[PDB]
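Worksheet: one structure, shown below.
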Amino acid sequence: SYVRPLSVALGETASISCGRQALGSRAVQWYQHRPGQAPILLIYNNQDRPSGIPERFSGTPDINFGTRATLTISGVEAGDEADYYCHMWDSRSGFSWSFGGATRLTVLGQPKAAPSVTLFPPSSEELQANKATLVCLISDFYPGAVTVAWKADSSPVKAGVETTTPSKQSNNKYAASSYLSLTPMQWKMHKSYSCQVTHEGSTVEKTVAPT
Amino acid sequence: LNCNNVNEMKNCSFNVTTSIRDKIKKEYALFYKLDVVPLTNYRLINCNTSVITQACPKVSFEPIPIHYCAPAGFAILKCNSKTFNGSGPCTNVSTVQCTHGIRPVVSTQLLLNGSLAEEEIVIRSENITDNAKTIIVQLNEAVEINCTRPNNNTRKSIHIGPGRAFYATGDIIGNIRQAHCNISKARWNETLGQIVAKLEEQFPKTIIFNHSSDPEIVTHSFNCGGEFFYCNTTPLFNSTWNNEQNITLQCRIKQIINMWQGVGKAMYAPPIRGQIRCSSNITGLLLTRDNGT
Amino acid sequence: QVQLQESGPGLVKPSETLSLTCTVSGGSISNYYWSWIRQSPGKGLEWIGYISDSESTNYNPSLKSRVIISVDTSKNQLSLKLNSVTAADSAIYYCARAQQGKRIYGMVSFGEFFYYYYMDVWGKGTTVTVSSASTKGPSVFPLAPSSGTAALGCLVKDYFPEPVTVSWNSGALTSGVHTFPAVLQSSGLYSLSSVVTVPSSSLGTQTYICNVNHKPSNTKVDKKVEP
Ligand SMILES: *[C@@H]1O[C@H](CO)[C@@H](O[C@@H]2O[C@H](CO)[C@@H](O[C@@H]3O[C@H](CO[C@H]4O[C@H](CO[C@H]5O[C@H](CO)[C@@H](O)[C@H](O)[C@@H]5O[C@H]5O[C@H](CO)[C@@H](O)[C@H](O)[C@@H]5O)[C@@H](O)[C@H](O[C@H]5O[C@H](CO)[C@@H](O)[C@H](O)[C@@H]5O)[C@@H]4O)[C@@H](O)[C@H](O[C@H]4O[C@H](CO)[C@@H](O)[C@H](O)[C@@H]4O[C@H]4O[C@H](CO)[C@@H](O)[C@H](O)[C@@H]4O[C@H]4O[C@H](CO)[C@@H](O)[C@H](O)[C@@H]4O)[C@@H]3O)[C@H](O)[C@H]2NC(C)=O)[C@H](O)[C@H]1NC(C)=O
Ligand SMILES: *[C@@H]1O[C@H](CO)[C@@H](O[C@@H]2O[C@H](CO)[C@@H](O)[C@H](O)[C@H]2NC(C)=O)[C@H](O)[C@H]1NC(C)=O
Ligand SMILES: *[C@@H]1O[C@H](CO)[C@@H](O[C@@H]2O[C@H](CO)[C@@H](O)[C@H](O)[C@H]2NC(C)=O)[C@H](O)[C@H]1NC(C)=O
Ligand SMILES: *[C@@H]1O[C@H](CO)[C@@H](O)[C@H](O)[C@H]1NC(C)=O
Ligand SMILES: *[C@@H]1O[C@H](CO)[C@@H](O)[C@H](O)[C@H]1NC(C)=O
Ligand SMILES: *[C@@H]1O[C@H](CO)[C@@H](O)[C@H](O)[C@H]1NC(C)=O
Ligand SMILES: *[C@@H]1O[C@H](CO)[C@@H](O)[C@H](O)[C@H]1NC(C)=O
Ligand SMILES: *[C@@H]1O[C@H](CO)[C@@H](O)[C@H](O)[C@H]1NC(C)=O
Ligand SMILES: *[C@@H]1O[C@H](CO)[C@@H](O)[C@H](O)[C@H]1NC(C)=O
Ligand SMILES: *[C@@H]1O[C@H](CO)[C@@H](O)[C@H](O)[C@H]1NC(C)=O
Ligand SMILES: *[C@@H]1O[C@H](CO)[C@@H](O)[C@H](O)[C@H]1NC(C)=O
Ligand SMILES: *[C@@H]1O[C@H](CO)[C@@H](O)[C@H](O)[C@H]1NC(C)=O
Ligand SMILES: *[C@@H]1O[C@H](CO)[C@@H](O)[C@H](O)[C@H]1NC(C)=O
Ligand SMILES: *[C@@H]1O[C@H](CO)[C@@H](O)[C@H](O)[C@H]1NC(C)=O
Ligand SMILES: *[C@@H]1O[C@H](CO)[C@@H](O)[C@H](O)[C@H]1NC(C)=O
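Chains as they are written, first to last, in the authors' numbering: chain L, 6 to 67, 67A to 67C, 68 to 95, 95A to 95C, 96 to 210; chain G, 129 to 135, 153 to 184, 189 to 309, 312 to 321, 321A, 322 to 354, 357 to 365, 368 to 397, 411 to 457, 463 to 465; chain H, 1 to 82, 82A to 82C, 83 to 100, 100A to 100R, 101 to 126, 132 to 211.
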């Protein structure tokens, strides 16, 4: 399925309209699916909800035909960022094996925090194993978008470095890794190594030397 | 016609000449299965039988009180006797210039919106001992009937000639449902019992009700809102009498209603927009008798 | 109440039967409907099929010719067996309890209703990777700190395929733990890194050991961390 973008503000009220309106009497399901995580049944019967869902998750019923299905989320929070699926069941259309298209909710204007960069030197074991690795760790930044810069002493590297795409956390901030694979002699022949993490418009530096 | 289905009425398409005689369009519309026959390609039921004229979409089928008057110098004679069977001499005679308000309810099997009787229910026939003679029953208390076509159909105008506009059924908005009726199980039970009463005053034995022996005769056919229903009335007469609950029948619908003379012409009842639901009083009944029962 | 937990190979070769299972907790297996749902990267949720309390089969026609959702009521276990798998089948597989609703809009006797299904409780998810590449165990290399507060962790280097689990002190140390997402290196192997923020007082000496687990390799390793 393809994605349908949406942007509400923190504390506002989302109005996610279904993308496959009903032809007859409907029984529409809403699922909160966070990517790579168990979906959450939001609303099963056109308006009924399960046990353990906040009252702010309201689904429109189909008393009088014509009123389309819209999921309403009043007082949006940060954790409400996810996917939302409209499972449509009406008398006319057949069997709905397919869930909704998708509607990714991105809450705007959230508290911007800065990363906590932590760089570890190559381990003793792997150094003896004839391989190096610098692990520049980044966590708890928002919005989740950072650029990693590696400096061999004063010169950039760009060669032999991997970096994770920013992923979300439990506290709704982001986190990502950055591995630089050196040869055990390159790691020693150099005086120092740094890691520049440029989050938003500020770069942070965490350097390490071979002592 | 190139007809599909829906889930019953077909979904057809057909090339038709337009307001310009040499330009062709392909229109689509719905036709109840009864209004079409296979030749899959389809056609209209009558094309090998008779000419068909669409009823003007402004004339109504409303049963109106028609008062029949005799000319000056003539007379119409009434019979006020509250138990007068079919024929014989009436002792409570009166003369009238015109009959009462008569409603030309063209019905079948169940008489609708008719004149009730006073006192008890009467039953009429010619030679009741002759089975090839219909029995016209008259109730003394109407039993409510409620019919409806819940489908929210639409009406599409098709220009197939200069000023000749054929009205077809566009499609169905919302739920696809069933044309049917309703009567009270209790009221039709006590009323069936009343009819059982005087089926003994002219008989003995046990009374059995059973289903009817083109579909116009086999079902309670009538007009509701302007469309002709054909309610399978088997849920009405399937009970044997020695000595909440709504009865609902399965009504089909037709748009082409042929005539009853001998191979002439037919009619097309134009579609009615929106939903249809009428309420009537079944006040009469036409029976037919056929061992030990 | 009722919870679910799947358990699959995690890696299956092309043109093979992607078997799987799912045991339920605290609920009878033969009085509910059970559905299976997968979700690949880049695609949305996809409804595999579902088995009834009557053991009735009904699969998504998209892949209907491939699936077969069985169930054995001796336990609360029911399996799912896809076959002739391909790369496009790599997805997280979930195990949810479906329930049957009857949406009546007209007369129940004429047939004017339809049956809709809704999943209310879900499993956790079994990642599955399809690739001819063989399985690989990782290798843990400790990460030591260097002094109020300080941080230390374990580098889980070059494993395949996702995922690995990392506890601390067998599960005792759970505050401040922060395992990071993996890194698919160009060599075709993933790379993880856990890290725990720890009081500087406990540096000497509150023993710390990271418990690494990689199911597709039958491997369970530990490693101390110290300056
Ligand atoms: C001629 O004669 C004909 C034949 O005699 C006669 O036919 C009748 O036609 C009418 C209309 O044409 C039909 O009326 C419809 O009836 C439907 C069925 O309603 C019954 O069932 C529901 C659901 O029952 C389940 O759930 C309840 C609790 O919710 C349980 O207690 C039940 O045990 C049952 O659960 C078991 O069974 C399920 C199977 O369904 C299993 O899945 C389940 O696991 C369990 O085993 C009941 O709620 C109804 O109760 C109502 O009636 C009782 C009296 O019995 C009253 O006390 C009270 O008024 C109750 O409300 C009933 O028992 C209805 O679904 C339908 O109404 C809905 O649909 C229309 C359009 O389709 C909507 O406009 C309408 O608003 C309703 O939608 C609501 O409900 C749906 C589904 O729940 C929601 O999705 C929707 O969002 C909407 O919710 C809103 O309203 C709800 C209240 O309704 C509210 O709860 C919500 O919060 C929200 O606000 C319609 O009424 C009738 O069935 C025909 N009769 C027969 C025998 O077929 C005809 O009338 C005669 N006359 C003519 C033709 O002129
Ligand atoms: C009946 O069939 C016609 C086709 O002859 C349908 O009209 C098409 O409907 C589809 C969507 O279902 C549209 O994409 C097309 O553009 C329509 N074509 C025309 C010429 O209108 C019609 O929807 C069908 N209706 C029913 C009730 O079955
Ligand atoms: C029997 O009489 C009733 C009452 O006159 C008819 O119901 C009317 O139906 C027409 C069109 O269907 C409506 O315009 C009127 O408003 C209705 N009247 C009422 C009071 O509801 C009914 O159609 C008649 N039945 C038959 C078979 O002719
Ligand atoms: C209308 O005529 C054209 C002529 O080519 C034909 O292809 C088409 O099938 C006709 N339509 C129908 C409904 O038969
Ligand atoms: C017309 O065709 C129908 C086929 O449905 C047939 O039953 C009927 O007898 C035919 N009538 C004439 C006059 O040919
Ligand atoms: C005649 O019939 C009318 C009505 O049926 C009634 O009111 C009247 O009393 C009757 N008169 C006689 C003499 O029977
Ligand atoms: C149907 O019911 C009663 C007669 O018993 C009356 O109120 C109503 O007018 C009747 N409708 C008719 C006769 O059309
Ligand atoms: C009506 O009553 C007369 C006698 O009053 C009788 O001759 C006649 O047969 C009766 N009609 C029927 C149909 O029984
Ligand atoms: C009535 O019909 C029977 C045969 O069905 C016949 O014997 C009898 O003579 C008829 N009676 C009258 C009055 O016509
Ligand atoms: C019938 O359908 C029309 C749309 O053509 C809509 O405006 C109207 O509200 C519907 N009525 C009912 C009773 O469904
Ligand atoms: C028919 O409908 C009328 C008016 O809606 C109602 O008063 C009556 O009780 C109904 N009777 C039946 C048998 O449905
Ligand atoms: C109704 O007629 C059918 C057709 O012969 C017969 O089998 C059935 O027994 C009859 N029912 C009653 C109640 O007489
Ligand atoms: C009328 O309905 C009964 C069942 O209610 C069915 O057996 C019968 O075939 C129906 N009659 C017709 C003419 O379809
Ligand atoms: C006659 O048909 C009615 C339909 O309402 C049904 O309730 C009744 O059981 C039937 N009689 C039988 C099966 O003897
Ligand atoms: C019978 O039909 C009337 C018509 O509206 C409806 O109000 C009533 O609830 C129905 N009763 C049953 C038992 O279906």
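Think of the CB as a built atom: it goes at the ideal place given N, C-alpha and C, for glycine as much as any other residue.
Let's test the definition: count the other Cβ atoms within 10 Å of the Cβ of residue i and tell me whether it reaches 16, buried, or not, exposed.
| i | result |
| --- | --- |
| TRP101/H | buried |
| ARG94/H | buried |
| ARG315/G | exposed |
| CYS218/G | exposed |
| residue 212/H | Since the first and last residues shown for chain H are 1 and 211, residue 212/H lies out of range. |
| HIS216/G | exposed |
| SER191/L | exposed |
| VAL134/G | exposed |
| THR278/G | exposed |
| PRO10/L | exposed |
| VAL242/G | exposed |
| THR191/H | exposed |
| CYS196/G | exposed |
Using a Cβ-Cβ cutoff of less than 8 angstroms, which residues in the same chain neighbour residue i once the five nearest sequence positions on both sides are dropped?
| i | result |
| --- | --- |
| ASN132/G | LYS155, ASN156, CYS157 |
| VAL286/G | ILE270, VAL271, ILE272, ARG273, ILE345, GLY451, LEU452, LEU453, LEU454 |
| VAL430/G | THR198, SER199 |
| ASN280/G | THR455, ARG456, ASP457 |
| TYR100O/H | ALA95, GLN96, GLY98 |
| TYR141/L | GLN109, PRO110, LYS111, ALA112, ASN171, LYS172, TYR173 |
Which residues bound the alpha helix (DSSP H) around residue i?
| i | result |
| --- | --- |
| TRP186/L | 183-188 |
| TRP338/G | 335-348 |
Considering only heavy atoms of ligand 10, does any lie closer than 7 angstroms to the CB of residue i?
| i | result |
| --- | --- |
| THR303/G | yes |
| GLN442/G | yes |
Below 6 angstroms CB to CB, which residues in the same chain sit around residue i once its five sequence neighbours on both sides are set aside?
| i | result |
| --- | --- |
| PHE119/L | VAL134 |
| residue 366/G | Missing here is residue 366/G: after 365, the next number in chain G is 368. |
Using a Cβ-based criterion (distance less than 7 angstroms to any ligand heavy atom), does residue i qualify as near ligand 7?
| i | result |
| --- | --- |
| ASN50/L | no |
Need the endpoints of the beta strand (DSSP E) that residue i sits in, please.
| i | result |
| --- | --- |
| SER22/L | 18-22 |
| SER123/L | Not the beta strand (DSSP E): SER123/L falls in the alpha helix (DSSP H), residues 123-127. |
| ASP85/L | 85-89 |
| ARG298/G | 284-308 |
| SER79/H | It is not in any beta strand (DSSP E) - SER79/H carries neither H nor E in the DSSP assignment. |
| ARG440/G | Segment: none, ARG440/G is in no beta strand (DSSP E) and carries neither H nor E. |
| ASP321A/G | 316-323 |
| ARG166/G | First-last for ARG166/G: undefined, no H or E at that position. |
| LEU28/L | Where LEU28/L is concerned, there is no enclosing beta strand (DSSP E), given that its DSSP letter is neither H nor E. |
Leaving out five residues on either side along the sequence, give the residues of the same chain with a beta carbon under 7 angstroms from the beta carbon of residue i.
| i | result |
| --- | --- |
| residue 212/H | Nothing can be reported for residue 212/H, as the shown portion of chain H is limited to 1 through 211. |
| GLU83/L | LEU104, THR105, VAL106 |
Are there any heavy atoms of ligand 6 lying less than 7 angstroms away from the beta-carbon of residue i, as far as the coordinates show?
| i | result |
| --- | --- |
| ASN425/G | no |
| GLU269/G | no |
Tell me whether residue i counts as near ligand 1, meaning its Cβ is closer than 7 angstroms to at least one heavy atom of that ligand.
| i | result |
| --- | --- |
| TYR100M/H | no |
Using 7 angstroms as the cut-off, classify the Cβ of residue i as near or not near the heavy atoms of ligand 9, replying yes or no.
| i | result |
| --- | --- |
| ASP457/G | no |
Check whether the Cβ of residue i sits closer than 7 angstroms to any heavy atom of ligand 3, and report yes or no.
| i | result |
| --- | --- |
| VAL254/G | yes |
| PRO354/G | no |
Quick check: is any heavy atom of ligand 14 less than 7 angstroms from the C-beta of residue i?
| i | result |
| --- | --- |
| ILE414/G | yes |
Run the proximity test for residue i: is its beta-carbon closer than 7 angstroms to any non-hydrogen atom belonging to ligand 4?
| i | result |
| --- | --- |
| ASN160/G | yes |
Query raised in the report: Taking three-plus beta-carbon pairs below 8 angstroms as touching, is the segment 121-135 of chain L in contact with the segment 132-142 of chain H?
Result: Touching, per the Cβ criterion.
Query raised in the report: Are three or more beta carbon pairs between the segment 323-330 of chain G and the segment 418-429 of chain G nearer than 8 angstroms?
Result: Taking 8 angstroms as the limit for Cβ pairs, the verdict is that the segment 418-429 of chain G does touch the segment 323-330 of chain G.
Query raised in the report: Taking one C-beta from the segment 173-183 of chain G and one from the segment 153-169 of chain L each time, how about it: are there three or more such pairs within less than 8 angstroms?
Result: The segment 173-183 of chain G makes no contact with the segment 153-169 of chain L, as fewer than three CB pairs between them are under 8 angstroms.
Query - Three or more C-beta pairs below 8 angstroms linking the segment 27-44 of chain L and the segment 72-88 of chain L - result: Taking 8 angstroms as the limit for Cβ pairs, the verdict is that the segment 72-88 of chain L does touch the segment 27-44 of chain L.
Query raised in the report: Do the segment 294-304 of chain G and the segment 437-447 of chain G meet, that is, are 3 or more Cβ pairs less than 8 angstroms apart?
Result: Touching, yes.
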